[PDB]
Amino acid sequence: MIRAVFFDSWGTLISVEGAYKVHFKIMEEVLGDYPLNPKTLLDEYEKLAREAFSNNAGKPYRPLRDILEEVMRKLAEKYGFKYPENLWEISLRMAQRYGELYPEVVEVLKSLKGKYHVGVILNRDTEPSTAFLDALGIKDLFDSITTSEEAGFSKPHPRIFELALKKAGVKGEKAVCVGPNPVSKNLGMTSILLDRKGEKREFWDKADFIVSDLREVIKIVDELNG
C-alpha cells in the first residue's frame, strides 16, 4: 500500500523559467553598472556551483550558503567586480520576488492532503528552504519538510530518505518519490521520474514510472492502491 508521497528537489516545484529568472536577477543585482553581461556571470556561476555540488555529494552536509559564497568569491576574482556583501539576503529577496511554481503544484498537493503523507525533500539548508516555501504559500501543504541539513548528509546519501520515511512513519515500500533526478533504491521506495520535456529518455528504464505532469502522480498512486 502506498501511504506517502515525497517530492524531491526544488526542481520539481519550481519552473525552469522561474529558476533561471531568479538566478538571472541575482546576477544583475550583484553586477550593478559593472560592464559584464549578467548571463555570462550566471552561466559561469552554474558551472562552478554544479562542480561544488558534485564535490560534496554523498559527503557530510556542508551549508549551501558557504558553497555559494565561495563560488562568488572566485567569480568576483575572475571578473574584477567587488565581492557582494549580504549575497545570501539578495538571493532570498530575489527568490521571493521571482520564484514561481509549476502551475499544477498547488492543486496536486491539495489533492493528496489527508489521504497520503505529503512530503518534500531538499538538498538545501533548512531555514531558507522553509522561508522560500512560505513565500510561495505552500509550506503548510506539506506534512513534512526534510532537508540535507537535518539529515547531516547531502544527496545521494540514504540518510535523508531514511529521515523523510521516519517522519512519515513508514518503510520505503509504502512510499513513492517524485523527482527529476534519475536514481535510495535500496530503501524500497517507488521512483517516479518527472521528465517535463521528455528529454531524459536514457534514464527512463532506471525508474519505475515516468511522468510529464505532477497530476499524473495521484493516478499512479490510486492504481498502486487498487
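These values consider heavy atoms only, across backbone and side chains, with no hydrogens, waters or symmetry-generated copies. Heads up: numbering here begins at 1 and tracks the sequence.
Clustering ILVMFWY residues whenever any of their side-chain heavy atoms sit less than 4.5 angstrom apart, transitively, puts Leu13 in a cluster other than the one holding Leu92. If you chain together hydrophobic residues whose side chains sit under 4.5 Å apart, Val183 and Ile210 never meet in one group. Taking hydrophobic clusters as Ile, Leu, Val, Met, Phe, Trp and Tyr residues chained together by side-chain heavy-atom distances below 4.5 Å, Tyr116 shares a cluster with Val211. Hydrophobic clustering (ILVMFWY, side-chain heavy atoms < 4.5 Å, transitive): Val217 and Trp10 are in one cluster. Under the 4.5 Å side-chain heavy-atom criterion for grouping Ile, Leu, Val, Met, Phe, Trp and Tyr, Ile67 is not connected to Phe132 through any hydrophobic cluster.
Looking at heavy atoms from C-beta onward, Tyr102 lies in side-chain contact with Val16 at the 4.5 angstrom threshold. Considering only heavy atoms from C-beta on, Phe161 stays 4.5 Å or farther from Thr146 through its side chain. No side-chain heavy atom of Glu150 sits less than 4.5 Å from a side-chain heavy atom of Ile160. Between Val22 and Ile14 there is no side-chain heavy-atom pair separated by less than 4.5 Å. Residues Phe6 and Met189 have side chains in contact (heavy-atom distance under 4.5 Å, counting atoms from C-beta outward). Using a 4.5 Å cut-off on side-chain heavy atoms (C-beta onward), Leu141 and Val118 make no contact. Residues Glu51 and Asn55 have side chains in contact (heavy-atom distance under 4.5 Å, counting atoms from C-beta outward). With a 4.5 Å cut-off on side-chain heavy atoms, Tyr20 and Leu42 count as touching.
Remark: the backbone N or O of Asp208 is paired with a side-chain donor or acceptor of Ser191 at under 3.5 angstrom. Between the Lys171 side chain and the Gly188 main chain, no donor and acceptor come within less than 3.5 Å of each other. The backbone N or O of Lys82 sits nowhere less than 3.5 Å from a side-chain atom of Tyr34 that would complete a donor-acceptor pair. Under the 3.5 Å distance criterion, the side-chain polar atoms of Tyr45 are left unmatched by any main-chain donor or acceptor of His23.
Taking CZ of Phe81 as the start and CG of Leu41 as the end, the distance is 5.0 Å to the nearest 0.5 Å. Atoms NZ and OG, from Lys139 and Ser129 in turn, are 13.0 Å apart once rounded to the nearest 0.5 Å. Distance check, rounded to the nearest 0.5 Å: CG of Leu68 to CZ of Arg65 gives 9.0 Å. Atom CG of residue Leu48 and atom CE of residue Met72 lie 10.0 Å apart, to the nearest 0.5 angstrom. Once rounded to the nearest 0.5 Å, the distance linking CD of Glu100 with NZ of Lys21 reads 10.0 Å. Atom CG of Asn181 and atom NZ of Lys155 lie 4.5 Å apart (nearest 0.5 Å).
Under the rule for a ring pair (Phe, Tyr, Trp, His ring centres under 6.0 Å), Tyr98 has no partner lying at least two apart in sequence or in another chain. Scanning for ring pair (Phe, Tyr, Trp, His ring centres under 6.0 Å) contacts around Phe153 gives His157, with sequence neighbours left out.
Checking each of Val108, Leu193, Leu214 against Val178 for a side-chain contact (heavy atoms from CB on, under 4.5 Å) leaves exactly one that passes, namely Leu214. Under the side-chain contact (heavy atoms from CB on, under 4.5 Å) test applied with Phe7, the options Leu194, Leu109, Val105, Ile121 reduce to a single match, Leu109. When each of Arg3, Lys113, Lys167 is tested with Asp143 by the rule salt bridge (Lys or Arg N to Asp or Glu O under 4.0 Å), just one qualifies, namely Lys113.
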Residues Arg97, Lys25; criterion side chain to side chain contact (heavy atoms under 4.5 Å, CB included); working and verdict: CA-CA 10 Å; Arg97 293 169 60 162; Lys25 291 284 176 293; over 6 Å; no

Test salt bridge (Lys or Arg N to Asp or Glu O under 4.0 Å) applied to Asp43 and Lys39, step by step: CA-CA 6 Å; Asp43 282 353; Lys39 184 189 164 283; 3.0 Å; yes

Residue pair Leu224, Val176: steps toward the side chain to side chain contact (heavy atoms under 4.5 Å, CB included) verdict: CA-CA 10 Å; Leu224 290 178; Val176 317; 4.2 Å; yes

Side chain to side chain contact (heavy atoms under 4.5 Å, CB included) assessment of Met94 paired with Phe24: CA-CA 9 Å; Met94 292 306 192; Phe24 185 85; over 6 Å; no

Verdict with reasoning, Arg73 to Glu77, per salt bridge (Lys or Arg N to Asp or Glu O under 4.0 Å): CA-CA 6 Å; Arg73 288 200 186 270; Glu77 183 69 37; over 6 Å; no

Verdict with reasoning, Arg124 to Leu64, per side chain to side chain contact (heavy atoms under 4.5 Å, CB included): CA-CA 7 Å; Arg124 287 332 166 69; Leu64 157 77; 3.7 Å; yes

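Nearest heavy-atom pair across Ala151 and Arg159 is O-CG, 3.8 Å. Residues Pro158 and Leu187 share a closest heavy-atom pair of O-CD1, 4.0 Å. Taking each heavy atom of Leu165 and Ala175 in turn, the nearest pair found is CD2-CB, 3.8 Å.
Crowding of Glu127 atom CD: a count of heavy atoms from other residues, nucleotides or ligands under 6.0 Å not exceeding 12.
Under 3.5 Å, the side chains of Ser148 and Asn123 contain a donor-acceptor pair of N or O atoms.
Salt bridge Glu162/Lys166: absent, no basic N to carboxylate O contact under 4.0 Å. Remark: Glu223 does not engage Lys219 in a salt bridge, criterion side-chain N to carboxylate O under 4.0 Å. One finds a salt bridge joining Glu104 and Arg196 here, because a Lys/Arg side-chain nitrogen approaches an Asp/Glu carboxylate oxygen to under 4.0 Å. Ionic pairing of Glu70 and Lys74 is present here: one or more N-O contacts between side-chain nitrogen and carboxylate oxygen are shorter than 4.0 angstrom.
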